[PDB]
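Enquirer:
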Amino acid sequence: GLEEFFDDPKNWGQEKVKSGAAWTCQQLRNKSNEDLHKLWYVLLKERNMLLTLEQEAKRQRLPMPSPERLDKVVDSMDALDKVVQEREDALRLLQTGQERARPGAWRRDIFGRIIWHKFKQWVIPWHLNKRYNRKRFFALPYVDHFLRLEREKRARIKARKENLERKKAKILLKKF
Amino acid sequence: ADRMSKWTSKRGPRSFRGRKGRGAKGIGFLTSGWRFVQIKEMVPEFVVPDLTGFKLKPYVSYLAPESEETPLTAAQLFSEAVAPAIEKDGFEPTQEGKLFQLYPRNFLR
Amino acid sequence: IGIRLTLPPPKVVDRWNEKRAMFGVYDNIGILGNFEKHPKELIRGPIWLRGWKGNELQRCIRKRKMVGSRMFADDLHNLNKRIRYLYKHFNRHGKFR
Amino acid sequence: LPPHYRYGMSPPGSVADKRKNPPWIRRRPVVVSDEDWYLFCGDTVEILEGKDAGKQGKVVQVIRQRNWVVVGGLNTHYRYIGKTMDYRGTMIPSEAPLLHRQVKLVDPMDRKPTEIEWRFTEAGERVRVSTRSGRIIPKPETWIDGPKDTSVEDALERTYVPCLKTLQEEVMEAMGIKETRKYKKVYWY
Amino acid sequence: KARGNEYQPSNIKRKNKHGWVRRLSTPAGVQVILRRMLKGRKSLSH
Amino acid sequence: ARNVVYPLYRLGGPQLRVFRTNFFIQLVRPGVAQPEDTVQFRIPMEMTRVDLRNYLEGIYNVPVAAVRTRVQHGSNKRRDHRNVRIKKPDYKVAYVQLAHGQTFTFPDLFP
RNA sequence: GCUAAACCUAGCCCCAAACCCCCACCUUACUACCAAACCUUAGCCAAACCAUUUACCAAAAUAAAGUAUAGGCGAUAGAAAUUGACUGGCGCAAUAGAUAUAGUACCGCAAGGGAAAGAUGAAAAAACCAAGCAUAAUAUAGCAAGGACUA
RNA sequence: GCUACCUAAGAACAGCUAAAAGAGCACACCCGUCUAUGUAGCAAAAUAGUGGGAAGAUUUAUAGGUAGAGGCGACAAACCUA
RNA sequence: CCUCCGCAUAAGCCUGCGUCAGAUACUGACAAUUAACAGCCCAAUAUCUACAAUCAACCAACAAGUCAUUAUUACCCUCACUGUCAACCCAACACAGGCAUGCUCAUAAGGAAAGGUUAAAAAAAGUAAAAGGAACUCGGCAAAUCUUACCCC
RNA sequence: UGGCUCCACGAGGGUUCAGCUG
Ligand SMILES: [Mg+2]
Ligand SMILES: [Mg+2]
Ligand SMILES: [Mg+2]
Ligand SMILES: [Mg+2]
Ligand SMILES: [Mg+2]
Ligand SMILES: [Mg+2]
Ligand SMILES: [Mg+2]
Ligand SMILES: [Mg+2]
Ligand SMILES: [Mg+2]
Ligand SMILES: [Mg+2]
Ligand SMILES: [Mg+2]
Ligand SMILES: [Mg+2]
Ligand SMILES: [Mg+2]
Ligand SMILES: [Mg+2]
Ligand SMILES: [Mg+2]
Ligand SMILES: [Mg+2]
Ligand SMILES: [Mg+2]
Numbered sequence: 063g064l065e066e067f068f069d070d071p072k073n074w075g076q077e078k079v080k081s082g083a084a085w086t087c088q089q090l091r092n093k094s095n096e097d098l099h100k101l102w103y104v105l106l107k108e109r110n111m112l113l114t115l116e117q118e119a120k121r122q123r124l125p126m127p128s129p130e131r132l133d134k135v136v137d138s139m140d141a142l143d144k145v146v147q148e149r150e151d152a153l154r155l156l157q158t159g160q161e162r163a164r165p166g167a168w169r170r171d172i173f174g175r176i177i178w179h180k181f182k183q184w185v186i187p188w189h190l191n192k193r194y195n196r197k198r199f200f201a202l203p204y205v206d207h208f209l210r211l212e213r214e215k216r217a218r219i220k221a222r223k224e225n226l227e228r229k230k231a232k233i234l235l236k237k238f
Numbered sequence: 015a016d017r018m019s020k021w022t023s024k025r026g027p028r029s030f031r032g033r034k035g036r037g038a039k040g041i042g043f044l045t046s047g048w049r050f051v052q053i054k055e056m057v058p059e060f061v062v063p064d065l066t067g068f069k070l071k072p073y074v075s076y077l078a079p080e081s082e083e084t085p086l087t088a089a090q091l092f093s094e095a096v097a098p099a100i101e102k103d118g119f120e121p122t123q124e125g126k127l128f129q130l131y132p133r134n135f136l137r
Numbered sequence: 032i033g034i035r036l037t038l039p040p041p042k043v044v045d046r047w048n049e050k051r052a053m054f055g056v057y058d059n060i061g062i063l064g065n066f067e068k069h070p071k072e073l074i075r076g077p078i079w080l081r082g083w084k085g086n087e088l089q090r091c092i093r094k095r096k097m098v099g100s101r102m103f104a105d106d107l108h109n110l111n112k113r114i115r116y117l118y119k120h121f122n123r124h125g126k127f128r
Numbered sequence: 015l016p017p018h019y020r021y022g023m024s025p026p027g028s029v030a031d032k033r034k035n036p037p038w039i040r041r042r043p044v045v046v050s051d052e053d054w055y056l057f058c059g060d061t062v063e064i065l066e067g068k069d070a071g072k073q074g075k076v077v078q079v080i081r082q083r084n085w086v087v088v089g090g091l092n093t094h095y096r097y098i099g100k101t102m103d104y105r106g107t108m109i110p111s112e113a114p115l116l117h118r119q120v121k122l123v124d125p126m127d128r129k130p131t132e133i134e135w136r137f138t139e140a141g142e143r144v145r146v147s148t149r150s151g152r153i154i155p156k157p158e169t170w171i172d173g174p175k176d177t178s179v180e181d182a183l184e185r186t187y188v189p190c191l192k193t194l195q196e197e198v199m200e201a202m203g204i205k206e207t208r209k210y211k212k213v214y215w216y
Numbered sequence: 047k048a049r050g051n052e053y054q055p056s057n058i059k060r061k062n063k064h065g066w067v068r069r070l071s072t073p074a075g076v077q078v079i080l081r082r083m084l085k086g087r088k089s090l091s092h
Numbered sequence: 002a003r004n005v006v007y008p009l010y011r012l013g014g015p016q017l018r019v020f021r022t023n024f025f026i027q028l029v030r031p032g033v034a035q036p037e038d039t040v041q042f043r044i045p046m047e048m049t050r051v052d053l054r055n056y057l058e059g060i061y062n063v064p065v066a067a068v069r070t071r072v073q074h075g076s077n078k079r080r081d082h083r084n085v086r087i088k089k090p091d092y093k094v095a096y097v098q099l100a101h102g103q104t105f106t107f108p109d110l111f112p
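Chains as they are written, first to last, in the authors' numbering: chain Y, 63 to 238; chain 9, 15 to 103, 118 to 137; chain i, 32 to 128; chain V, 15 to 46, 50 to 158, 169 to 216; chain 2, 47 to 92; chain U, 2 to 112.
#1: Check each residue of the region 200 to 211 of chain V: if its Cβ is closer than 9 Å to any Cβ of chain U, include it; give the result in chain order.
#2: Which of the three DSSP states is assigned to residue 144 (chain Y) in this structure?
#3: What residue range does the alpha helix (DSSP H) around residue 233 (chain Y) cover?
#4: I'd like the list of long-range same chain contacts for residue 38 (chain U), defined as Cβ closer than 7 Å, with 5 residues on each side in sequence excluded.
#5: What are the partner residues of residue 42 (chain U), as DSSP defines its beta bridges?
#6: Contact check, residue 25 (chain U) vs residue 92 (chain Y) under 8 Å by CB: the rounded distance?
#7: Could you spell out the range, first to last residue, of the alpha helix (DSSP H) harbouring residue 249 (chain V)?
#8: Cβ closer than 8 Å: which chain Y residues qualify as neighbours of residue 62 (chain U)?
#9: Along the chain, where does the beta strand (DSSP E) that runs through residue 49 (chain 9) open and close?
#10: Over what stretch of residues does the alpha helix (DSSP H) that includes residue 90 (chain Y) continue unbroken?
#11: Tell me the rounded alpha-carbon separation between residue 190 (chain V) and residue 199 (chain V).
#12: Comparing C-alpha positions only, which one of 4 (chain U), 11 (chain U) and 55 (chain U) sits nearest to residue 185 (chain Y)?
#13: For the region 44 to 74 of chain 9, which residues have a beta carbon sitting closer than 8 Å to at least one beta carbon of chain U?
#14: Restricting to Cα atoms, I'd like to know which of 56 (chain V), 51 (chain V) and 16 (chain V) is closest to residue 38 (chain V).
#15: Going by DSSP, what residue range makes up the beta strand (DSSP E) through residue 98 (chain Y)?
#16: Quick check on this structure: which residue in 110 (chain V), 68 (chain V) and 131 (chain V) has the alpha carbon closest to the alpha carbon of residue 97 (chain V)?
#17: Expressed to the nearest angstrom, what Euclidean distance is found between the alpha-carbon atoms of residue 68 (chain V) and residue 56 (chain i)?
#18: Taking just the CA atoms, how far does residue 82 (chain 9) sit from residue 100 (chain Y)?
#19: Label residue 64 (chain V) either buried or exposed according to how many other C-beta atoms from any shown protein chain fall within 10 Å of its C-beta, with 16 as the threshold for buried.
#20: Please look up how many angstroms separate the CB atoms of residue 87 (chain i) and residue 117 (chain i), rounded, as I've assumed it's under 8 Å.
#21: Answer yes if the region 80 to 87 of chain V comes into contact with the region 114 to 129 of chain V, meaning at least three C-beta pairs across the two stretches below 8 Å, and no otherwise.
#22: Assuming residue 75 (chain 9) contacts residue 176 (chain V) under a Cβ cut-off of 8 Å, what Cβ separation, rounded to an integer in Å, is found between them?
#23: Taking three-plus beta-carbon pairs below 8 Å as touching, is the region 116 to 130 of chain Y in contact with the region 159 to 179 of chain Y?
#24: Tell me which residues share the same chain as residue 79 (chain U) and place their Cβ nearer than 6 Å to its Cβ, disregarding the 5 neighbours each side in the sequence.
#25: So, under 8 Å CB-CB, residue 57 (chain 2) and residue 121 (chain 9) are touching, yes? Tell me the CB distance rounded to an integer number of Å.
#26: Pairs of beta-carbons, one from the region 47 to 67 of chain 9 and one from the region 35 to 48 of chain i, closer than 8 Å: are there three or more?
#27: What's the C-alpha gap between residue 189 (chain Y) and residue 195 (chain Y)?
#28: If you compare alpha carbons, which of 109 (chain U), 30 (chain U) and 7 (chain U) is closest to residue 19 (chain U)?
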């Protein structure tokens, strides 16, 4: 299949290759699931072809023929990913009612920030994982003062930004 | 003494360099000779369809029509899936015995 | 060399501005509005100096006790350092002991 | 593009732009964002003042992010272009940009500088119409495929019958992969 | 003798002495990290 | 696939299948005169020898006889106009030795 | 005539208002997967030494009142009862205003310290003067000038 | 991460004389007696010759521990990142 | 014509004299270190281990020493991941300094003291010196040739 | 508070002879 790592031998060095119109999420929604599997592998082989051509263009320092179609193929891949994940999300909402496909909690680390802690699929239960029990999901009364200081740092950046936008508008109204 | 450079597997003593590793997933387990046992089930299998005799191909025409965006909401999928409930007048209660479980995902991609 | 070599863009002033043209209105609101307001209530400013004058130590003391519990933490720390310094200064320095 | 960067008519990915704003300068801006903007790329306008005061032309490109339009063949100056060596070589014109609220649109029957307001006709939905008169203004503006472009019917087969199956399960049954074994339960914490 | 070179590098000593795990072990080291975070430091530890 | 949480295997669970692989490799010209029947590939960091062999067996129907890999360090030595360091990335290189003497040779694109 | 010199907006300051925020990562952080928080601040400093004491900091307008009161009764400290509580700028303008072009570069084992700087314009798809020199080295004698002188 | 001391698991010590001794001469290494150069130096303590120990109370790599009126010290107010 | 040099591992660095192109080991682009070496280990319950090493053989000690598994239970699925470059590290420097271990005992490896003159003084280092031989000097310090004895601690 | 002897050792501090030498 190395002959399909490279494109058609007639096209080698023609300074422009006429191929356009990347896929669209609507067309991919109209297609099936097995069809989307097959189209993913079509696009994957052609994308490996395009990356090979781009790397060899860098190696020989000659201009890449069709960067726009590598952009199109990455767009096609991302649209197909979006479509399949929409079907997965919708079916997950119907059968389980869960918004996210991986479990988590809203924890509070040592520094007292509130984080989303994504869970991590172990073999022994939580209460006897030694490493997990070394990790800490609570803060302490010195984290208190540091939290106040970080909050006020953000408040200062926000006050700076709003004041500057108003000053910009005022000098603009002087100009016009 | 660069703090600012990333910490990698190329960047320590011989034990550090042997332990760190890039993000490749494990494929087996190590035992008792420092001998490595690869588990076939832990090795991922590429499921690749047969693409011979196929018409979908990696671009479309510019003569294709324009159509507006409609993301697949759970309500739309619901109605399209159980119009037979209207005809009368599938659902999973739990997911222990299911292979491709939805919420605590069992599958890849 | 320190002197500017090209003279500046002209500052042009609207003396008949709205703020200029109506400066001073509703001062005398008490004396000729039978005394239910005060020009110190016409003053727009911070809460701790609005109808008050005071000097730099007294301004810091009044700012601490009027708006100090809403201040950012190191702004309080600078204000307490400043009251401490100005106390030492106004009570222990200068001539006229 | 970075912030604090000036829009030239040269596109950001060009040598002229790369050498006009190299990544180690700092510069003041020019003041110019009221999205309701009526000139579009491909319209016929009428320059009022300046060089060729009172003439009619065609809009080629719009610098819509800096309140500029450049009109085709008009409002031009000149530059020695190319010429590759220390002699006179070649002279080519270039077109300087023009300012909005100083150039106006042309009605195709009145041929006068007009001001246009976006009113909402019953045709649908918000199309340029003048304020002194009517005569609605339109909007300005063969490929046969190769070996890797689908036909329109191939792109629009619509082979998705909806069902309560994951792509994983459907492809399993489609290719006939059987998986007898059952996934042992892990703790997720 | 010639006394320029007190820094005799080893990444084990560097990581064990000034590392993130050690900083986070002590409650005073947690405040060291919190101080670097507030200062805005791009690197909070070794 | 890369940047995806893999499902844990306990003892007798199903095999890990992947549908819609996230791995995009590229075939590179060798820099130092590798033999016949050695293809060179540039590969994401998360992809093993076994992953690349099964990738090429399944997707491309290349018979692979041996795969070797190495991690290339990219230079962190370049500096900006800010004297802050520019990191060329780190990549993975594989050397694929073909089966049955199939003898690939890198074509002359850009003639 | 070289080196330069010049510039104005990048932003900042003080107020008002309004309560704000896919993967990996505590193991050698940024690494898919194994058997415990809670305890008076001290001291510099004033007392011209210092030893009891020494303002506030640990939410509280104006006045009562710096009063009652405390106190090596001295430096100083000090109440209460009671009593009327819509955004702007005689701010900075690049050694200033923020440390900030950035907590970066650089320094330090670490905690930590911590910068500098840009100005063509509508479009670049276009002129003069700091110091230091040079044009142009010097001619008895001396704080380098002053009175002068035809010089 | 220097340096003082300790802990854990390592290593080095030619030849001749001698015949398990804190042995002799002497390399490797460790130290720093005398001189000379050097002094904004090659070096914020070096160089060159001269010298002392060199199977031991030795030197030494790696990891760890003791922390500020504290540690540590075969006491020199020595050392604890010039 | 030179060299306790050189090669390798360890530790430390982190692409830092590879190719090409450009400007005045610098800049940019493109390449590259491929596991067999090395690292990342061990399913346990109970239990077994008085005997040194030193050519270990007599023989010699004292300071008394490192190398070790069994009965049974469960376990055949097999070879992934990571290190691998260089003229390099710690000394602000392309620093006469610091730097562990194996091997080569002058190298089969590695290197160059002199930019070009001239041939003043002073200065540094070396070699030679009639006669004399410490008269020098605080003192035989330095050099030169090697040695004796007495005290003090 | 010993005292008198007392052997070996010292980049310790002095002294003598001999040689050797700028
Ligand atoms: Mg006092
Ligand atoms: Mg500043
Ligand atoms: Mg500053
Ligand atoms: Mg001058
Ligand atoms: Mg001995
Ligand atoms: Mg002496
Ligand atoms: Mg000692
Ligand atoms: Mg003493
Ligand atoms: Mg003494
Ligand atoms: Mg130095
Ligand atoms: Mg040689
Ligand atoms: Mg010379
Ligand atoms: Mg003589
Ligand atoms: Mg004499
Ligand atoms: Mg004499
Ligand atoms: Mg001598
Ligand atoms: Mg001795």
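The C-beta atom is built at its ideal place from N, Cα and C for all residues, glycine as well.
Expert: Quick answer:
#1: 204, 206, 207, 208, 209, 210 and 211
#2: Here the question's residue 144 (chain Y) lines up with position 82 in the first sequence. Three-state DSSP puts residue 144 (chain Y) in a helix.
#3: Locating residue 233 (chain Y) in the first sequence gives position 171, counting from the first residue. Element bounds for residue 233 (chain Y): 205 to 237.
#4: As a first step, residue 38 (chain U) is located in the sixth sequence; it is residue number 37 there, counting from the start. 98, 99, 102, 103, 104 and 105, listed in sequence order.
#5: As a working note, residue 42 (chain U) is residue 41 in the sixth sequence. For residue 42 (chain U), which the question treats as bridged, DSSP gives the partners 28 (chain U) and 95 (chain U).
#6: Here the question's residue 25 (chain U) lines up with position 24 in the sixth sequence. Here the question's residue 92 (chain Y) lines up with position 30 in the first sequence. Not quite, the Cβ-Cβ distance comes to about 26 Å (not below 8 Å), so this is no contact.
#7: Outside the displayed range of chain V (15 to 216) lies residue 249 (chain V), so it cannot be described from this structure.
#8: Position 61 of the sixth sequence, counted from the first residue, corresponds to residue 62 (chain U). Near residue 62 (chain U) (Cβ distances below 8 Å), the residues of chain Y are 63.
#9: On the second sequence, position 35 is the one that residue 49 (chain 9) refers to. Segment 49 to 52, the beta strand (DSSP E) holding residue 49 (chain 9).
#10: One-based indexing of the first sequence puts residue 90 (chain Y) at position 28. Here the alpha helix (DSSP H) through residue 90 (chain Y) covers 87 to 92.
#11: The residue you call residue 190 (chain V) lines up with position 163 of the fourth sequence. The residue you call residue 199 (chain V) lines up with position 172 of the fourth sequence. Looking at the two C-alpha atoms, the distance is approximately 15 Å.
#12: Position 123 of the first sequence, counted from the first residue, corresponds to residue 185 (chain Y). Minimum Cα distance to residue 185 (chain Y) is reached at 11 (chain U).
#13: 52, 53, 54, 55, 56, 57, 58, 59, 60, 61 and 62
#14: Counting from 1 along the fourth sequence, the entry for residue 38 (chain V) is found at position 24. Of the candidates 56 (chain V), 51 (chain V) and 16 (chain V), the one whose C-alpha sits nearest the C-alpha of residue 38 (chain V) is 16 (chain V).
#15: Numbered from its first residue, the first sequence carries residue 98 (chain Y) at position 36. No beta strand (DSSP E) contains residue 98 (chain Y), which is instead part of the alpha helix (DSSP H) from 96 to 122.
#16: What you label residue 97 (chain V) is simply residue 80 of the fourth sequence in a count that begins at 1. Out of 110 (chain V), 68 (chain V) and 131 (chain V), 110 (chain V) has the C-alpha closest to the C-alpha of residue 97 (chain V).
#17: To locate residue 68 (chain V), count along the fourth sequence from 1; it is residue 51. To locate residue 56 (chain i), count along the third sequence from 1; it is residue 25. Taking the straight line from one Cα to the other gives about 51 Å.
#18: Position 38 of the first sequence holds residue 100 (chain Y). Position 68 of the second sequence holds residue 82 (chain 9). Going from the Cα of residue 100 (chain Y) to the Cα of residue 82 (chain 9) covers about 24 Å.
#19: As a first step, residue 64 (chain V) must be located in the fourth sequence, where it is residue number 47. That one is buried.
#20: As a working mapping, residue 87 (chain i) is identified with position 56 in the third sequence. As a working mapping, residue 117 (chain i) is identified with position 86 in the third sequence. The Cβ separation is near 6 Å, so the contact holds.
#21: yes
#22: If you number the second sequence from 1, residue 75 (chain 9) lands on position 61. If you number the fourth sequence from 1, residue 176 (chain V) lands on position 149. At roughly 5 Å, the Cβ-Cβ gap stays under 8 Å, so residue 75 (chain 9) and residue 176 (chain V) are in contact.
#23: no
#24: Walking along the sixth sequence from the start, residue 79 (chain U) turns up at place 78. So the list reads 87, once near-sequence residues are dropped.
#25: Translated into the one-based positions of the fifth sequence, residue 57 (chain 2) becomes position 11. Translated into the one-based positions of the second sequence, residue 121 (chain 9) becomes position 93. Between residue 121 (chain 9) and residue 57 (chain 2) the Cβ distance is about 54 Å, and since that is not below 8 Å, they are no contact.
#26: no
#27: Numbered from 1 along the first sequence, position 127 holds the residue referred to as residue 189 (chain Y). Numbered from 1 along the first sequence, position 133 holds the residue referred to as residue 195 (chain Y). For residue 189 (chain Y) and residue 195 (chain Y), the distance between alpha carbons rounds to 7 Å.
#28: Numbered from its first residue, the sixth sequence carries residue 19 (chain U) at position 18. The shortest C-alpha separation from residue 19 (chain U) is found at 7 (chain U).
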